[PDB]
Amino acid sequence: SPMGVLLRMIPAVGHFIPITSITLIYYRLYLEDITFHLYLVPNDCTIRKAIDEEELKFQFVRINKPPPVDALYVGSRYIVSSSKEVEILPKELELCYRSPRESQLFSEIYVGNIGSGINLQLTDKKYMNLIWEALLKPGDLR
């Protein structure tokens, strides 16, 4: 019947434990301008599937880039930023588990024309160290 893995919480720790996270990048090219949706979610194929389907309804398609290499803590907060001058809403993402049936939090990044490529970054809000980046270039669109 349905089955999957649960973890017993400890009073000291609660929901905010260290997990394998994945970044999911989606783009839509419309006219000359490109918009990115950036998600940061637990490594959970059912979550990734529900986001893929929701984004496809709006004609956004996923670009594969490696995820953050370090374990991240549930509830930690990250700042979204870029090398190019861009409009980012919201600038801040929180890593949390939301059911595949609920909408997922993402950051929208309106770039304009891609030019040579754009460098997207996630930085730990607390102490400002880089935890993840990706270089998105015209060839990555395909």
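From 1 onward, residues are counted along the sequence shown.
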Requested in this report: Please work out which of 35 to 43 and 88 to 96 has the higher mean CA B-factor as recorded in the PDB entry.
Outcome: 88 to 96
Requested in this report: Using only the Cα atoms and their B-factors as the entry lists them, report which of 8 to 16 and 129 to 137 averages higher.
Outcome: 8 to 16
**Report entry** Given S107, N64, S116, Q59, the residue at which the Cα B factor reaches its maximum
**Finding:** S116
Query raised in the report: Is the Cα B-factor recorded for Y26 in the lowest, middle or highest third of its chain?
Result: lowest
Report summary line: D52: CA temperature factor from the record, placed by chain third, in the lowest
